[PDB]
Structures are given as structure tokens and as C-alpha cells.
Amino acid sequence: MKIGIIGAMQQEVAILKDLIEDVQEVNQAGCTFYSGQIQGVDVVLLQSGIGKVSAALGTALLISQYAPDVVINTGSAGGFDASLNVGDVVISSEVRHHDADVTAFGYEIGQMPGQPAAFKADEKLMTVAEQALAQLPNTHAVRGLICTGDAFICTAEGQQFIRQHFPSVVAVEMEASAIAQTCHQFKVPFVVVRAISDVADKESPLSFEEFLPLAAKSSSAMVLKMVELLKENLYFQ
């Protein structure tokens, strides 16, 4: 099997990049693809750049050229769920665009015409995420709705808008819905396994830069554990 792993920033992909054996690097359209193996499992790690367009473009190139069997989105996120602390893992049940609005034509808030209102994480991948979490007993996680937009959320007004429209939101970021929508269009299973760098408030610019490395560490540990589980999930393969 081949696992596609996608992160936006260099800092988000660095830990996993260093684990790829027999690594081959391709640079294309602002994207970097690292292909090789982890523990005999074929992996392609994409560093896409930030935001919905970069993530969509990168994901489209990843799927069309490398044909991963599954996609895992790694990286940081801004926490909305009360129970999340900085460094904690967040897992997508589903992903929505918080900044999509075609309600004028009867679509629900966040729904892009032509798409479902939410992009559901693959149930079989989800089971692997749960298994990985069970093997990291020091790790606290929350699973729920992840909301994506092309904005860094750092104001009370920004938070309130998102909570008003998506009351179940557990975290926000800037790529997941683009990765998930792209995967939906290609019919490829995905899950988002990120970790919290900040709580999307006026302190988040500073918190983000301070704790991005921690978030990358936590997210990356989970993703590595999933790769190790996938290695011997022969029914899944």
C-alpha cells in the first residue's frame, strides 16, 4: 500500500521527512514530494504550502501522479474545543469550509455547490487513528469537526462567527477542507490528525510560533504510529 501524508509547512513535515528511507525528492509547482518507505510501507510526503488553493493543487498532483491508497493530513491547528490544550491531538470526524457561503441559493453554510456539506473522514482510517491513540497513552486527543478557511483565526469576532455557524467545531486551520474536498473528488480516503498550537485568540500569533514545534511533534508521533499499524493491517492493505 502507499500512504500519502500532507502537511502545509516545512516545520510540519520535517519530523516525518527524516524518517523516509531511500528518499526521492521532486519539486513541482511550489510543492515538494518526498517518496520512499517507512518500515517497508510506501509513503509519499507532500509539503504543499499554506492555504486552500496550495493544498488543493498539491493534493491533486499527489493523487493524480502518485496514487496513494490513503491520505493523512498532519500539522498544527487552532483549538476551539474547551478540553483541548496546546500540544493535544485533534482528529477529524468530518471537515467543513468555515468560509464558504452560498446560502443565497439554498446551500447550507459552509457547503460548496457541487459538494456535500461536510467531508467525512474514512471510517477504516479512523479505526487506525483510534488504535494509534491507544498506543500513545500520554496523549490527549479530541475528535470532531475541523473547520478550514483562508484566514488565521486570532480574534474574538473570528471565533464567534465560526462557532455561530459551526457550533460543534473542535479546531480550525487552513488546508484540511481543501485536502478533504480534493480527496472526495478523487474518491480517496482521508483523515486529519493534527495538533494544537494555539487557541485562535489574540495570543495565537505568539503561541503559534512558540508551539508549532510541539504541535508538529505531537501530530507526527500519531501519524508515525498509524504508519506502523498500517504496516501489518493486511486486510486494510
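A residue's number is simply how far along the shown sequence it sits, counting from 1.
Mean C-alpha B-factor is higher over 128 to 136 than over the other stretch, the pair under comparison being 128 to 136 and 90 to 98. Here 56 to 64 and 206 to 214 are compared by their mean Cα B-factor, and 206 to 214 comes out higher.
Between the residues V71, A77, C147, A82, the entry's highest C-alpha temperature factor is the one at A82. In the PDB entry, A156 places in the highest third of its chain by CA B-factor. In the deposited entry, the Cα temperature factor of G36 sits in the top third of values across the chain's modelled residues. Per the PDB record, residue ranking by Cα B-factor puts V43 in the middle third of the chain. Annotation for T103: C-alpha temperature factor in the middle third relative to the rest of the modelled chain, per the entry. When the modelled residues of the chain are ordered by C-alpha B-factor, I3 sits in the middle third.
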